[PDB]
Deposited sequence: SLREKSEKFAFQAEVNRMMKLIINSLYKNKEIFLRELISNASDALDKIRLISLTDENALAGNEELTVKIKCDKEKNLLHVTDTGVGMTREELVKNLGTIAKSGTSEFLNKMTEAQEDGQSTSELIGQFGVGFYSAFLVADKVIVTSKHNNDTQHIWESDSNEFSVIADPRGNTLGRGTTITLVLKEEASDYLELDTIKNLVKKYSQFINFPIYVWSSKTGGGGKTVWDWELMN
């Protein structure tokens, strides 16, 4: 249940890190944008079958900081991923045109190259020592994908179905990336990266203080 990344994905990872170490916050743009895509897919699926929305009726992105645990969570109620999809889409295969989307990277700002080829997930390793993807798809049981980028593993989630339908990306942050645990930093970055997203985006925030979802767009 442990897997080597494919070679071009290794190169893509290294390329994305060396390109973007200057602009780490880009990871958040990409995760938000990828969450939006997932929501789009399940909304499209719901056109012809709205049993599609049964496990979870809402279409949202919900972002949560755990400063004490050094975690950042990005959760969408999109289409989710099957176990098989986690293995194929997140490492073992590359999309057509990968086998050098990589020239264009080097040659001829890679900020939009990544967003354009839909490969921004890997910018998560800019700010994170570990990335965990917990995902629930209508056609499968909830699974966990985990990676420090030197391999990955996929397991059935022992907790069962807690997402309903969708995906959480959990980042174990690097020391270099500790500012991304701060609420005002994340809020200000989610506001900026979500103004053109059509799904509502929440940050778990504080306001006798109480916590709750704060809408960011």
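Engineer: Write out the missing regions of the deposited sequence in sequence order, one range per stretch.
Structural biologist: Seq positions lacking coordinates: 1-6, 115-119, 219-223.
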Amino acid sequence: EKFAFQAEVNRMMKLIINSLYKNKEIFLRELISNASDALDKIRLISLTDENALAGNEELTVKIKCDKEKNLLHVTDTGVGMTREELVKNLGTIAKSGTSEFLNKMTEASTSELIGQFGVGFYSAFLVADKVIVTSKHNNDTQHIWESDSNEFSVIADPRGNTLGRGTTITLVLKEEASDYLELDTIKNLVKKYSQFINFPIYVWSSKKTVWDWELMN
From here on, numbers count along this sequence of modelled residues.
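Between two forms, the rigid core is the largest collection of C-alphas that superpose within 1.5 Å.
Engineer: Which stretch is more displaced from the shown form in 9 other deposited structures of this protein, 58-66 or 44-52, with RMS over structures and residues of Cα positions after a rigid core fit?
Structural biologist: Larger mean C-alpha displacement, comparing 58-66 and 44-52 in 9 other deposited structures of this protein, is found in 44-52.
Engineer: With everything overlaid on the rigid core, name the stretch, 136-144 or 83-91, whose CA atoms wander farther on average in 9 other deposited structures of this protein.
Structural biologist: Looking at 83-91 and 136-144 in 9 other deposited structures of this protein, the bigger mover is 83-91.
Engineer: Is residue 129 one of the residues left unmodelled in a third or more of the other entries compared?
Structural biologist: Other entries vs residue 129: none skip it.
Engineer: Taking the other PDB entries of this protein that cover both neighbours, check whether residue 105 lacks coordinates in at least a third of them.
Structural biologist: Result for residue 105: often missing, at least a third of the compared entries.
Engineer: Between 94-102 and 75-83, which has the higher average C-alpha B-factor in the PDB entry?
Structural biologist: Stretch with the greater average CA B-factor: 94-102.
Engineer: As stated in the PDB record, which stretch has the larger average Cα B-factor, 47-55 or 26-34?
Structural biologist: Per the deposited B-factors, the answer is 47-55.
Engineer: Among 68, 157, 40, 148, which carries the highest Cα B-factor?
Structural biologist: In the PDB entry, the greatest C-alpha B-factor among 68, 157, 40, 148 is found at 68.
Engineer: Among 170, 188, 167, 161, single out the one with the highest C-alpha B factor in the record, please.
Structural biologist: By C-alpha B-factor in the record, 188 ranks first.
Engineer: Split the chain's modelled residues into thirds by Cα B-factor; is residue 128 in the lowest, middle or highest one?
Structural biologist: Its C-alpha B-factor belongs to the middle third of this chain's values.
Engineer: Report the third (lowest, middle or highest) to which the CA temperature factor of residue 144 belongs, ranking only the modelled residues of the same chain.
Structural biologist: Lowest third, going by the recorded CA B-factors of the chain.
Engineer: Would you please rank residue 9 by its C-alpha temperature factor against the other modelled residues of its chain and give the third it falls in: lowest, middle or highest?
Structural biologist: Within its chain, residue 9 is a lowest-third residue by C-alpha B-factor, going by the deposited values.
Engineer: How does the C-alpha B factor of residue 61 compare with the rest of the chain: lowest, middle or highest third?
Structural biologist: Middle third, going by the recorded CA B-factors of the chain.
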